[PDB]
Structures are given as structure tokens and as C-alpha cells.
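The structure appears right after this line, and notes come after that.
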Amino acid sequence: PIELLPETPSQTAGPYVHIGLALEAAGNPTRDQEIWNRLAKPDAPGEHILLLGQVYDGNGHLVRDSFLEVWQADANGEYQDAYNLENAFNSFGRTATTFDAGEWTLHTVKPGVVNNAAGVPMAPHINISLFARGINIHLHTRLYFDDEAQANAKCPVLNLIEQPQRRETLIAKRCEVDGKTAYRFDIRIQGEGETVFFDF
Amino acid sequence: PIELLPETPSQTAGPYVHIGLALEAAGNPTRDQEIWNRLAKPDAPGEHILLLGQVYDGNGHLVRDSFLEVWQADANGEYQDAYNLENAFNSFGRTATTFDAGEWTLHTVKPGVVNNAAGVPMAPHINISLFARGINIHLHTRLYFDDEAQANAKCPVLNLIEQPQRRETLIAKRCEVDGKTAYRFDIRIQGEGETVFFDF
Amino acid sequence: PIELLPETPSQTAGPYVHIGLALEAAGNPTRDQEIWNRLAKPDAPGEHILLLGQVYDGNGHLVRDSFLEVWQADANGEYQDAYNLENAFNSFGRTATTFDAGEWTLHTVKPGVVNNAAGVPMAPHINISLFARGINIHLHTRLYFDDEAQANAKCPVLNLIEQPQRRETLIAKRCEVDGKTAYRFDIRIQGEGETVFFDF
Amino acid sequence: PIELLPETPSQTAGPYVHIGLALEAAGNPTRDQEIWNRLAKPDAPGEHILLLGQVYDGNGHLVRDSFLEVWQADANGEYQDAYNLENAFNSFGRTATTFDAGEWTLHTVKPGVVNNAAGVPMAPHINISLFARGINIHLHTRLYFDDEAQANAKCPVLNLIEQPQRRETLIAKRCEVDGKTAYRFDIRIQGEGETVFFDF
Amino acid sequence: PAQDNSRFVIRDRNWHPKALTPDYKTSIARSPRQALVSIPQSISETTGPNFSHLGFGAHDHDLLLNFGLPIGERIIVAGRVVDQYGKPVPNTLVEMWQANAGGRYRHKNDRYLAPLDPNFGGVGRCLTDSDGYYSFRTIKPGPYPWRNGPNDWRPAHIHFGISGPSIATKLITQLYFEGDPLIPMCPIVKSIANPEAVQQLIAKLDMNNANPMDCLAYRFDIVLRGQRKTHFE
Amino acid sequence: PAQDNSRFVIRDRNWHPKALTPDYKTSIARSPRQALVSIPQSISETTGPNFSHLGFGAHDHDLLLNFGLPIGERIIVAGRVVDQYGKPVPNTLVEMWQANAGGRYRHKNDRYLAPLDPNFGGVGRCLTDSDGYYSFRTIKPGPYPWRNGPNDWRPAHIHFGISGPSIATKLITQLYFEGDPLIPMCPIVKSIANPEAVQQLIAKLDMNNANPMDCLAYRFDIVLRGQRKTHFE
Amino acid sequence: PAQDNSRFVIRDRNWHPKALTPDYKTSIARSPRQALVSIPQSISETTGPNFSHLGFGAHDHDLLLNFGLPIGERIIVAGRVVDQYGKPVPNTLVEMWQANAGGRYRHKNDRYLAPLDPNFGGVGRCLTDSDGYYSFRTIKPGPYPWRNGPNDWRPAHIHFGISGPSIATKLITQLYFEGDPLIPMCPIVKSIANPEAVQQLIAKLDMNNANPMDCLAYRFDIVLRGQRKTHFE
Ligand SMILES: O=C(O)c1ccc(O)c(I)c1
Ligand SMILES: O=C(O)c1ccc(O)c(I)c1
Ligand SMILES: O=C(O)c1ccc(O)c(I)c1
Ligand SMILES: O=C(O)c1ccc(O)c(I)c1
Ligand SMILES: O=C(O)c1ccc(O)c(I)c1
Ligand SMILES: O=C(O)c1ccc(O)c(I)c1
Ligand SMILES: O=C(O)c1ccc(O)c(I)c1
Ligand SMILES: [Fe+3]
Ligand SMILES: [Fe+3]
Ligand SMILES: [Fe+3]
Ligand SMILES: [Fe+3]
């Protein structure tokens, strides 16, 4: 068969990822422009929401050194690739969990519906990549919302998970924080209620 | 780099370890001098105590063919390496689990405090090595006492275990047997409450 | 380590170099345009000078088949790389030693000062490459002027030569030929007073 | 044949040898006890002399970064191996040439006569080892005195040098410095008057 | 906005390290037990951020100046980012972090006894050029001990993050230095089953790029997932 | 009392058999799932009992008399105990146990149909001398079937226990006999991943140590962890 | 006083670098043109100073303390001094000097741009013990450019000076570090014609002597000329 060049092999980020990708957290001076956890400026169109979660290891212990990257469509269901701190909305962000409490937070807007390759619409979702010490190659998952049940029922992606019980691991639970619409999305790396992770 | 001679590889003790290191148990005649479970003679200085426990496998079943070795300082926190049946106290001992009940016992004294290489005191502890069928290489652990919480909280060794819930697996629970001071130390080889095993 | 394609290997020019690069000298018909020893036209700005010299071998014998290439800045200390027979000044020239007298001559102007990479001024000098039969790979050297002592004392290149006595080998002695300003620069390939040769 | 373990290969001392073996000269703080250029204290028996010299390279240029070690007998022709700063006399010493003047000096006494392996007397001499940048393996030589012509003429070592003119290279010339008896010993590493160097 | 025009060659999960690699202790409790679910590529996975307009500082990529001069071996780390089809990946984001000359990281959690270097930070970023090239100026990091086995030492390395054209191509890896004896003993390195794959992570000494009498140079090229046009879709 | 004056070379856990080795059925339920926690060496770990003054009986090391003569192959099992540096380990306790010639152990739980031997016990102990030498006199044990796979048989072996200078050095192993065809088929033996390590467990026929017209001999040297003095600690 | 009691095996001047090695530029003008004169060994050459009574400071051998802590890779450099016959050389003087972690030397003549380290001198001395063992505690020196060819860089190295029992054994050498890619490119290293001889100068990584969580260790054994008793003289 035909073989192309092999992709460069992945390596864990280690415990000090923060010094490189999350300066503040490393407890170090930051640069003029940093890629952080605020995708939307308050003047951005769409429903402003706060996302928060904890990451657990197979023993049910908090993973206090995780790093997360998110990719999502804007409110119209459009992916905004041109990253600029001037933009009201950026499709990309980064967050990490507290060395203390161990919770990450993200400030964005509820993404709009996007069609799959076959023209079938997918339920609103946030694409997430998880990085950390002990994770050789990052984990891919999706955050869906519990208040989009109608949509979730028909998602061609969610429909790909054989067992209905597993689909629920992908559904963030709506709440409110300081009077703001928040969604809690805990990731269980292993064991009971282990989160669905994808390959694409 | 520099390579030394390789250490001889470990092998499981097997189910018949008793004929070799626990004669009585094998149900065989013993020799004049044997290394057994009585570290201290009644006239030995320090607080006399009874140690007892059970060993569980990964399915929650009792491991009835287990063999144990202990190493501990005397009441003055001094290691008495000169093994002699005439001594009032021996720092070293051996025990095994009953084919019926599956419980092991030891007659000793609560150990004195010893300092680590850096001069820091360690909490009173008993060094344990566990051998049995199914166990390729012996497992090392330590037995701490629940009534030494102050010392325990400051142990440079206990402090090396990352997860606090994991530290609790090393703490023996004080009790009384026939009105005698005893401590119970159960070992969970696998699964829920799995005991911390060390490498050194 | 990273290895690039290897440079094509040098080879001596041989005794007949003239037929290819010094037609006149080869005593053959020249072509319309030829590259020779007149870098400056009468009306080229700067102090017009005559450069002359001889080349000596290890035995103190004259080298009568030498081919030289020179590169120098103009009176303004500027390098004129667009070679043209029309130019009043060309930064490049070629000359050779007479099969008889064995002396080469070049008609040029005294070069202006140029800065080294670090921003330090180098004394006025002419870059020469000497080719000839017996020379596998061409020798690189520099011609400095005796009447620029002050500058000479400070040249970053000249001061790179460890022993002061060796520096003197690079200084041309001013003279007058037909009431014209000249400078003589003899090259000693080997031995007593061997001329400093560079690697770059 | 029988081959033993090969000796560790020698390497040049390089230019910073002083830091390591001539502290003062590196211009660094010295330690309590240093091995230096004063082999005899004023009350040492024998005739107190001053030794001095320069070292030349193949070009007749001064080697200003040379390091020298000396080994000699006392006034009684005795080798004192037990090195001690308390001693009235030490047979071992070290010296180096000035970064400026480039002249080395030594304060000792004229060595008594010692016999060779065959029981034959050698003329009073001082054993020298020369080290420096550009020298891959140290050079061994001997210093003899011009005022010992009789002894010199019968020296079994001096006599090994085929050519008489070469022996001259090893004879120090008597002088007086501050009304003190001194001998000058110049080393010429290469070329005209090249000093004799040994292999042993 | 982003367009679903591309498809990315499927990842070889046997080339990359697996999640469960017990010698690397922390991987035990941090690896999934269920199989990953494969999903068809959609616009969601085939698009990603473009950092062409991030406001990079003048010494973003110069660790000698971006924090006195640091103590340590002055080097340049350079290379190119290409895809599996060998096509350059222009204007892509390259991020790196590392320890000082002594293996000490400027991070609160680093308690190693090697001291901090008053003139050294350890962070850099660079956007590849039209040809997929990048370069950084820094000091070679030192190895350091870590709590894995009782005597584990990481080989000297630089941590790297690369974005690429989409989130399907984004990768975090580690650069190792040619000849380092610590390489083959590392459980993290060995998380990779194929020794051929390990070779891709070793930066080669590059004398051609060095600055004579100043600093040495290392060459590190990166290969991202092959990008192709959709067809007969 | 004992003093903290030594350090022991860290164990190579890739050399030794791993805990989880599925072909050896009982290891499934009897292996940890969490990683071992590495600790610095202290007086606790670097000290151990000295058996110098134990009262050893006259035939402690002679299985031919310590229990008529037993039926089976009369053999001498001897060797030396050294550290990884090659330094002898004097006055150290060596303990052993084995089955009879038919593969039957003198243990209540053994119901293998091969009969017991009225003159054979199967236990021995020996304190190594000034040069690290130990020696035992016994009979060569037979192989025996065990409940693993439907047709699993243990190669003939002698179980060994050795003390060394500290608890850090304490080891339990098995000796196998040179050329036994059952060796490479055993799941317990195979628990050891490197065939090179396997070789260390095979006692070699030692014709030089044999007693003509009496008994054969086998040589089995044991290597304990390297002992070194602490420096710059 | 000293006594002419021994002979030293003749030096192999094809093993050691020759005097004239033109790639190493300075050697051209500082190498003799005449042949060395061989002379028989006498008391003059077979004796030497004994440094046993030199008053050595407490940190004479600890470069970490003899000059804050220095910046760089903490390592122990240890080994043994033996003669060609494999006999240890006790109470012998071992002296060393090296650059700091950046390749900077504490010498007036060093103008390389890497900065000095306020806590590092770079000089040590140690008297070998009864077994010929020496050890130093220092930081790993960095490579540095030098004026030879236009892009020449010395591999990281430590300068060594060993006394031995006499002036005949006295030696000055350099230690190189295992795997350094710079080694095969060095004109000085290359002054040594035989690759096998080059290997003797390469210090090996010694994980067994390392202080876990503290410092690495390198092993450098030194072979001095064999010493024998005179016979039939
Ligand atoms: O402490 C650790 O586990 C640790 C530290 C640094 C680093 O780069 C890695 I990967 C792991
Ligand atoms: O019956 C078993 O499983 C069994 C018996 C003896 C023995 O030495 C071993 I290892 C295992
Ligand atoms: O005569 C000679 O030396 C000679 C002639 C022709 C040629 O190409 C060469 I090179 C040398
Ligand atoms: O400058 C030089 O030539 C130089 C410097 C240091 C050193 O160790 C050596 I060898 C040579
Ligand atoms: O990759 C593996 O080894 C792996 C994956 C999933 C799983 O549940 C187990 I157990 C092992
Ligand atoms: O060593 C192994 O294979 C191993 C270790 C731990 C663990 O939890 C698992 I699943 C496998
Ligand atoms: O070793 C050599 O190459 C060597 C020695 C002496 C000498 O005069 C010359 I020319 C070369
Ligand atoms: Fe058995
Ligand atoms: Fe030709
Ligand atoms: Fe790291
Ligand atoms: Fe040097």
C-alpha cells in the first residue's frame, strides 16, 4: 500500500504545561497577548454562558494539573477561525484546573447547530481536547447541553454511541452561577460513568 | 552507561512456602531455633502489643496462603539487627495466615522513632514484606498506628503518598484482644481500598 | 547531525589557467568583453594608484604562473557588484604574473573603509585570492597600506592575527612609479616572512 | 603478544591551565597550601641560586602560557619526595611564564650529584616538564649548569645526545641578579637551537 | 468563517503512544478503560484557529532575552512544520517551554534543589513562515529527577505545542537532544512502542545553522496529519 | 544497633517479573492495579537482621539426614551470594524448600497422587561463610501438574529465600535445572519477560563439585542488590 | 629520601596524540621538529613527589562548595586510578579544572560571551584513597567555541592532571561525556589517531552512583603507566 510520512508522535504535556500554555497559572508574568478562557466579549451575540467542570482520574481523585482546549461555532453555527483578541467572539479558547479546588471555567456563548458532512444537523456542542501529566495523547470529547433534548435525540454524532447510557456522559447539566447560565461538565477519565472520548 | 551484574529475578513463593519458612503451619515438626511471630519477651521494655490482620485478593476473597516478614525498631527507636532467641527483643519476625480463618498474628512492642536520611523523624512504623502464590515479587508496605496521628501527619514517608485517601490504607486500627492492646492491619492487594505498596 | 550536500571539491588551476581566464597572457585572441586588471577608468573618483608585486614560493623563487582575483570597495567604501565594462569603477578584477619578470599589476583606486559584521571599521584593504599550479585550493589574503598606520593599528581583522610581526606581512609599501603613487605587495607563500592567509 | 590496559591518552593542557595548577597566575585566590616556585627556605643547606628563563615557539615568539614542573635533588644529592610546606627544602616545584614578560623563575639550591641506574654519577641537573596550549603531550628536558663543565663532560645522560652542539642547548648560563647567583635557561620548542627533549 | 473542504488522514494509534503505559506511573489512573468511538469528520473536526493575527512580542521566540544573560549553553532550535503529504504548514503556531541549565523549572511546583537562573524564564512562541519554518534561541535545558521509579531522570527536552490547520491536527510533543544517554531509559519515551517513532523526537546537531563563536544549533522538523480534498463524497 | 551507612542500587522492575501476568492465572486477582510508590532509602530500609547467632542444627543444610535415605537423585546445590558490584555477602541466611522425587510436597494441601517419601522432609537453611559460599545436600525434585491450564506442569525446581544485608536485599526465587524441557512452557517462568533473566535461574551441572560415585552437583550463584557507601548526601 | 626501586612500562606514542596534528592549529608552531631523545630510567625519572602531607581543604574536591549554588547539571565525577597492570594507585594527586555550565572559564584571558557564575570557580583536587578512588562533585561544563577553524567547538570536558608515583607517570588529560555529538568533530580529540583511544576519554553515565533526586554520576577510570620491580638489572 501507499504510506505517507508518519505523523510526529505525541507526548504527555507534563505537570508544567502551564509555564508554556497557561502563564498566569504557572504563577509567572504573562505577555501582551495570551490565548485564554474568555471566548466571548460581553458585546458578543448569542446566549452568554459559563462552563465549569472537574476532571477525575480512575480512582475518583481530582486531576489538578489538566489543560483544556475548546473549539466551537458561534451563535449562527459558524466557525470563526481568525483568532484575534480584538474579536468579540473567538471560536478557540484554553483553560486549566486550579492547583487548589481543581475546577476550570470558560466564558463563551451557546454554539449554533452545524450540519455534518451528509447535510444532517448536529445538536449544539463544544469540541474539547484534554491534556495532562499522565495523558500520552490528548483526549477528544464533546460537550452537549441538557436543554437541547429534542436536538440531542436526533444528533447523528450522539446516535453513533451504541449504548444510550453512554450518551449521557456527554451532556452538561444546566445550572446558574451568580445569576448566570452555567453548565457543569465533569470529565471522568476512567471507571464508573467514564466519559465517551472520540477518534476522528 | 555503566551496567552492574543483574540481580537474580524474583519468583512467587507458591502455596507451599510454609514447609520452608513456617514449619508449624506446614503442619511439620520444627527445629530447635525458628524465626517466628514473637519479637518481644514479656520482660522487654516498651509497650507490649498484639498485631493481627487478613489479606484480600481482588475479588474480595481471603488469601489463606500468605507469608509475612516484619522489620521494626525497639521501643528506644533502635534497630536490633543481632538476631538471637535469648534476646528480650528481636527487630525481625515472621508470620502467616491460617488456612481456616486466614488471619496472621504478631507479638511485639510499639516501635520508637527513627530519623530519615535527612535527619527528619518518621512516625513509629513496622516494615512489612508480603509473599504468596500469585505474587511474582513480594510487596512492601508499612504499618502505622492510628493513635500516632500527630507523628503520622508529619512523616516524610507518608507525605510522599500523593493522595491522602491512599495514606489511610497504611494505618492500623487500635483494638483489644483478651483485654490486650492490639492493632488490626488488613491488606487489600487489589481493587477498592487497595493498600499502598512501596518501591525502594 | 544534519549533513548538507557536500560542496564540489577544489582542484588546482594548472599552469594553463591563462587560456581560460587570462587570454591575452595565454597569448591568444581575446573576446569582445574580458575581465582584467583595470578596475578604474581615469575618471573614476578616489586616489588612483598602481598596485604591483611578486609572488614567492618556499625556496624564495618567483611564481610566474599565478592568477589573482581582487575584490575591493570603491573610494566610498562601497562594493560594486554589477560588473560592467562601461562602469567607471568595477570592484572586481583579475591579474596575473608575467612569465618573464613575474610581477602583476593592477590599476585601481584606494578603497574606502568598510564595517565588519559587528559594526567596527576595518582599515582599507583589498581582498585577494591567489590561484596557481601547485595550489590545490586558492589562498585568501588581504592587502593593507603602509600609510594608514593609525587605521591599521585598530583593524579588527588585523588584530585577530596573534603575533604582531605577522601583521606586517599584510602591509604594502608605498612607492612611486612614473611619478604615480604605487604600493608594492609581495606574497611569500612559505617560509621566512610567510604571508598571512585567511579561512572564512 | 601480551597487551596490558592501554594508558589513558594525553591531551593538551590548553590555555587555562593556570586556573587549575597556577592559581595566583590565573589571577585567582589561592588555597592554604599551594605547590609553587620556591623549593628552598633561606635556612636550607646548600648554595642558594635563582633560576630564570623564557620559552620560544617555532617562529621565535614567546610562549606566554606555558606551565612547568621541576624535580631535583637537594644539596646532598638527595630526592626529598615527602612534599611539605614545612620543609626547609622540597625537590618538587611548579612555575609558569608571565602573560607579559613571559619569563619564569625558581628559587632553590644547586642540586647535589646523583648516580644513574648503573651507579655512574650524573652532573648536577634539574628535571623539567613543559606543558601548554598547542602541546598534545608534555615535553621532558633537563637543566645543567655552565659552571660544572667537568661534571657535564662526564654525564651519562648528556653523553646520550649524539651531536655535541645539541648538548649546549641544555646548559644554563651563570649570571647574578641583585648580587644573587642566577642561571638563565631558555627553551626553544622548534627550529634553530631547538632544545633537546627526552622520552623515558 | 471556516469551511469543510478538507479531510485529514486518519491517525495511527499504534504509532502514537497508547493511553495505558504502566511504566509511566501516572498513566494508569489517567487512561480510559472503554474504547474510543470513531466519528466521521465534519466541519467540527476539520477546522481550527489561525493565529496569523496574534500580537507576538519582539523576543517571543528568544529565551536569552525574553525574561543579565542566562547561564548555559547558548543554542538555536529551528525546523519546519509539514503534513504527511510533505506540504509545508505556513502560519502555524509553535509553542515551547523547558527547564534552565540545571533542570530547574520556573514553576511553583518545582522543588528540585538546582537553583533558578535569575535571567531565565523558559517560554517561547513562534508562527511558522510561508515555508513552514520556525526558530527559537535559548539555553540547552538540563535533565532532572522525577518521582516515578526511585531513580528516574528525564532526558533534557523541550516541550512543544503545534496547532496546524485544524483541531484534528493539533499536537503536544517533546524534543530530545541527539545522543542523550538518558533517552532509552525514560519510561515516558518508552510510552512509544516503535523505536522508529522515537527517532522522530530527537533534534539533530546542526553545525550549518550555528553562529561561530556564539551559539550552536539543533534541527527539529514536525509532521502533522496529511490534509486532502474531499472526493466522490 | 544497626546504622544507616549504606545505599542499595535501585531494582530493575522490568528485569523482575511484573505483578500481572495473565497466563499465570492466580496473578490476575493477586496483583495490584495501582502503581508502587517510590521512597528514599532510610535506616528502616537499609538495615536488616543478622542471623550470625541463630542456633543452626548440625544437619540444617543436609536434606538427606535432616528428616532411611530418601529415594531420588542425590545432589549438592552450592554457589555464592554476591552483590551487583561483585562483592561477597558473608554470614547471610539462605533457606530452601522443594518436593520429593515424584513431585509431592510434605504439605497438608498437596494431594498429588505421587506418594510421600518416609525419609524426606524438604527444608534446608545455611549461613553463607566469609566468602559468600553456601551449600546444600538433597535430592532432585520431580515436576508436578498444577491447576492453571488443563495440562500445566511445573518444571523441577527448588524454592530459595535469601536475606542479604538488609530488608532491601531480601529475595525469594526458584532454581530450575539446566536443560529441563518444561522450562520454556511454564507460565510462572514466562512471568519473566526477558529470556536473559530466565537464564539466571537455571542451576548448571557442576561436575567439579560432584562427589564421585556418590552425588552430582549443581551451581547456583545469587546476586543481590549492589551495596554502596553514601556520598555527598 | 626517594629510592630508585621501580621501572615504568614505556609510553605508546602512537596511542597518545602526536605533537604535530595540523588540524589543531597551535600545535604546528609548538611541536618539535627534532626526534625525542630516548634515555634510560634513573632515580631522577622513577621518583616523584608524594602529596600525602599536603594540607587539603575540606571542600578541595567539591566544586559546588569551594568557590549560592552554581547553575548547571549537578553531577559526581568518580572513578579509579589504576596502572596498566590493573593495580590501584593510592594517595595520588588528582587535579581538575573546567568551565562553567555555559562554557565560560574563570581566567583573565577568557572573553567568550557566556557569563561567569558567581558561585563557580572550577578547580578541584583530591588525593586518591587506598583503593585508587577519587571523586569530585561539580556541574557539567558546556561546550565553547575557540579560534581554530571558523566554526570550531570543543565538546564539553573536564581537564585532569594526575601525579602517579613518579614524574614518568605524571599526566594531563581531558574527560568527554557519553554521547556528545561534538566529539567526532573535534580537532583536539582527533589529535588522537585511534578511535579506540578516544573511547578511553569518554566518561560513562553511572545511574548506580547517582543520588536519586539530587545528582547524576559519571564514571571516569584512569590508567597510568604500569609500575614493575626492576629485575636482572
Ligand atoms: O514531576 C514530574 O512528574 C514531571 C516534571 C517535568 C516534566 O517535564 C515531566 I514530563 C514530568
Ligand atoms: O499447586 C500449585 O499451584 C503450586 C504448587 C507448588 C508450587 O511450587 C507452585 I509455584 C504452585
Ligand atoms: O604541466 C603541468 O603541470 C599541467 C598541465 C596541464 C594541467 O591541466 C595541469 I592540472 C598541470
Ligand atoms: O582558547 C583556546 O584555544 C582553548 C580554551 C580552552 C581550552 O580548554 C582549550 I583545550 C583551548
Ligand atoms: O490498551 C489497553 O491496554 C487497554 C484498553 C482498555 C482496557 O479496558 C484495558 I483493561 C486495556
Ligand atoms: O502492569 C500492568 O500490565 C498493569 C498495571 C496496573 C494496571 O492497573 C493495569 I489494568 C495493568
Ligand atoms: O610527526 C611528524 O609528522 C613530524 C615529526 C618531525 C618533523 O620534523 C616533521 I616535518 C614531521
Ligand atoms: Fe513448587
Ligand atoms: Fe589541464
Ligand atoms: Fe519537562
Ligand atoms: Fe577547556
Side-chain angles (χ1 to χ4, degrees), chain E residues 14 17-35 99 101-105 109-115 142-156 174 176 180-198 201, chain F residues 4 6-24 27-48 83-85 164-171 190-194 196-197 224-228 230-233:
Chain E
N14 294 308
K18 285 290 178 185
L20 175 66
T21 58
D23 298 327
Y24 176 23
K25 299 166 169 188
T26 302
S27 94
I28 295 166
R30 309 170 172 205
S31 54
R33 297 274 185 285
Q34 298 301 320
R104 180 68 177 291
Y105 278 98
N109 297 157
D110 190 3
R111 307 332 299 165
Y112 182 47
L113 88 237
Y144 59 81
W146 67 297
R147 318 192 102 108
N148 191 58
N151 184 39
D152 283 339
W153 294 76
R154 298 296 321 294
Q174 300 177 43
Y176 301 108
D180 195 338
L182 287 176
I183 300 162
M185 327 191 198
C186 190
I188 287 180
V189 170
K190 306 172 271 159
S191 69
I192 301 166
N194 188 160
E196 282 136 357
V198 173
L201 309 180
Chain F
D4 178 36
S6 287
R7 297 291 174 255
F8 298 84
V9 169
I10 298 317
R11 287 199 159 105
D12 174 355
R13 295 173 180 275
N14 280 293
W15 178 257
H16 285 286
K18 285 314 185 177
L20 172 66
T21 61
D23 289 349
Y24 174 22
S27 85
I28 297 155
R30 281 160 196 220
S31 36
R33 289 283 179 285
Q34 305 295 305
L36 300 183
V37 172
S38 296
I39 70 182
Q41 292 170 17
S42 78
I43 184 154
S44 284
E45 304 69 33
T46 74
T47 66
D83 84 355
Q84 294 177 278
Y85 297 95
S166 62
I167 65 170
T169 71
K170 152 95 187 214
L171 184 81
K190 302 174 300 191
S191 70
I192 298 191
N194 197 156
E196 275 144 26
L224 301 188
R225 295 161 77 172
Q227 184 163 14
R228 76 169 175 69
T230 67
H231 47 44
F232 307 101
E233 274 198 36

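Throughout, protein chains are lettered first and strands after them, A, B, ... in sequence-line order, and every chain is numbered starting at 1. Atom set for the values below is all heavy atoms of this structure, side chains included, hydrogens, waters and symmetry mates excluded.
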Is E:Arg147 atom CZ crowded by more than 12 heavy atoms from other residues, nucleotides or ligands, each under 6.0 Å away? no
Which bit of F:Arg33 comes within less than 4.5 Å of chain E, counting heavy atoms only: side chain, backbone, both or neither? backbone
Can you tell me which portion of E:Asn148 sits under 4.5 Å from chain F's heavy atoms? Options are side chain, backbone, both or neither. backbone
Minimum-distance pair of heavy atoms, taken over all atoms of E:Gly149 and F:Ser38: C-OG, 3.2 Å
Does E:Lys25 reach the main-chain N or O of F:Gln34 with its side chain, forming a donor-acceptor pair under 3.5 Å? no
Rounded to the nearest 0.5 Å, what separation is found between the CG atom of E:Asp23 and the CZ atom of F:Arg13? 11.5 Å
